[PDB]
Amino acid sequence: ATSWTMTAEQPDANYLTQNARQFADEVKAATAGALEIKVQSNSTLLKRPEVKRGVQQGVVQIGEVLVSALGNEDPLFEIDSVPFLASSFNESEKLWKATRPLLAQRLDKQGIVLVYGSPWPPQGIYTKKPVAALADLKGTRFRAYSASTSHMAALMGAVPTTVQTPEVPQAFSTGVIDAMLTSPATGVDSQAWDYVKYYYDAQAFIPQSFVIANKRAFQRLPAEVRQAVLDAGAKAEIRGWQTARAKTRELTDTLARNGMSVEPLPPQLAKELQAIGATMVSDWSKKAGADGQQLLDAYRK
Ligand SMILES: O=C1CC[C@@H](C(=O)O)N1
């Protein structure tokens with residue numbers, strides 16, 4: 001028998017965390033107890049920027065993390081964060097299908113196995129005051145959570161301030177941040193109605209989360225156990241996509257029930273974020289190589 005420890009980024013409230021828990025449970029049942037994965041969630045073991053290295057170094061054998069957390073190191077890992085490139089689930093899914101094998105190859109070269117992915121819901125904007133154009137956010141201390149969102153915020157004219165998910169309520173309370181961009185899932189997870197008032201259904205992008213394993217640890221399992229992990233992962237990826245699609249509206253309704261103003265994306269903001277998206281995909285294409293171009297070709301196929 002083998003025991004693994006897994007890190008998961010988000011609290012037990014969060015559906016990606018629940019999907020990882022069910023994945024751990026399904027691995028245990030499918031291997032008849034030969035592999036047990038114990039999940040420590042809410043980034044208490046490793047924080048988002050620490051996950052990849054913790055998995056590589058064997059702090060944990062497996063972990064869940066935002067894909068675009070690897071973006072600074074390798075650009076292919078943040079294509080899911082380019083504004084308005086793939087803002088519907090159907091586009092996101094096609095983008096993911098083109099992105100995944102490239103990521104799996106880039107990770108394998110690093111001693112990491114890509115087990116499965118699942119999407120967050122589309123990213124909206126949360127604010128303390130009404131916003132109708134980028135000007136409203138000029139000089140605003142605006143939460144960033146990745147290299148891509150830091151860059152995006154700067155282009156918006158805001159002052160990017162990196163805050164990891166568990167620290168968001170604190171950061172609002174002490175005035176470190178005054179606005180943010182995130183899904184309605186994080187909005188409900190963190191009960192954001194206590195600290196912000198307006199949510200704009202921007203669908204700026206749909207960032208992926210993935211579950212990645214230490215290759216040496218993975219390779220040491222019996223063949224059948226390795227396959228059970230991959231199959232349980234496949235089921236998790238399907239479950240993850242279905243849940244995100246099924247829950248996006250319920251989560252948005254939850255924000256409104258709890259007194260947030262929930263609004264569609266204002267047209268000037270829509271225009272300006274689209275222009276920001278054009279810049280970023282150009283910026284991205286330059287720093288991605290031919291691998292980048294074959295990804296974009298595959299997507300736009
Ligand atoms: O919807 C999302 C994307 C990343 C995560 C966060 O806010 O950090 N929640």
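One-based numbering, in listed order, for ligands and for the atoms of each. The chain is numbered in sequence order, starting from 1. All values below were derived from every heavy atom in this structure, side-chain atoms included, with hydrogens, water molecules and symmetry-related copies excluded.
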Could you see which bit of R48 sits under 4.0 Å from ligand 1, with heavy atoms only: side chain, backbone, both or neither?
-> side chain
Could you note down all residue pairs passing ring pair (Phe, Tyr, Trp, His ring centres under 6.0 Å) where residues 10-40 supplies at least one of them, sequence neighbours left out?
-> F23-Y116
Shortest non-hydrogen contact from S68 toward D80 = CB-OD1, 3.7 Å
Ligand-residue contact atoms, ligand 1 with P207, heavy atoms, under 4.0 Å = 3 (C)
Should the proximity of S183 to ligand 1, defined as any heavy atom under 4.0 Å, be assigned to the side chain, the backbone, both, or neither?
-> both
Heavy-atom nearest neighbour in the protein, as seen from atom 9 (N) of ligand 1, with distance rounded to 0.1 Å | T186 OG1, 2.7 Å
Residue list, side-chain hydrogen bond (donor to acceptor under 3.5 Å, both in side chains) with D108, at least two apart or on another chain = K215
Derivation of the salt bridge (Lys or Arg N to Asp or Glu O under 4.0 Å) call for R53 and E73 = CA-CA 12 Å; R53 185 73 165 141; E73 288 71 36; over 6 Å; no
Numbered in order shown, the ligand 1 atoms found under 4.0 Å of a heavy atom of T165 are 6 (C), 7 (O), 8 (O)
Residue, atom name and distance, where the atom is the protein heavy atom closest to atom 2 (C) of ligand 1 | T182 OG1, 3.2 Å
Going from CZ on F218 to CD1 on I112, what distance comes out if it is rounded to the nearest 0.5 angstrom?
-> 13.5 Å
Under 3.5 Å, is there a donor-acceptor pair linking the side chains of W96 and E237?
-> yes
At under 4.0 Å between heavy atoms, what of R143 touches ligand 1? The answer is side chain
Considering only heavy atoms, does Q123 approach ligand 1 within less than 4.0 Å through its side chain, its backbone, both, or neither?
-> side chain
Taking distance alone, with no angle check, do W120 and ligand 1 share an N/O pair under 3.5 Å?
-> no
Does one side chain, of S81 or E78, offer a donor that lies under 3.5 Å from an acceptor on the other?
-> no
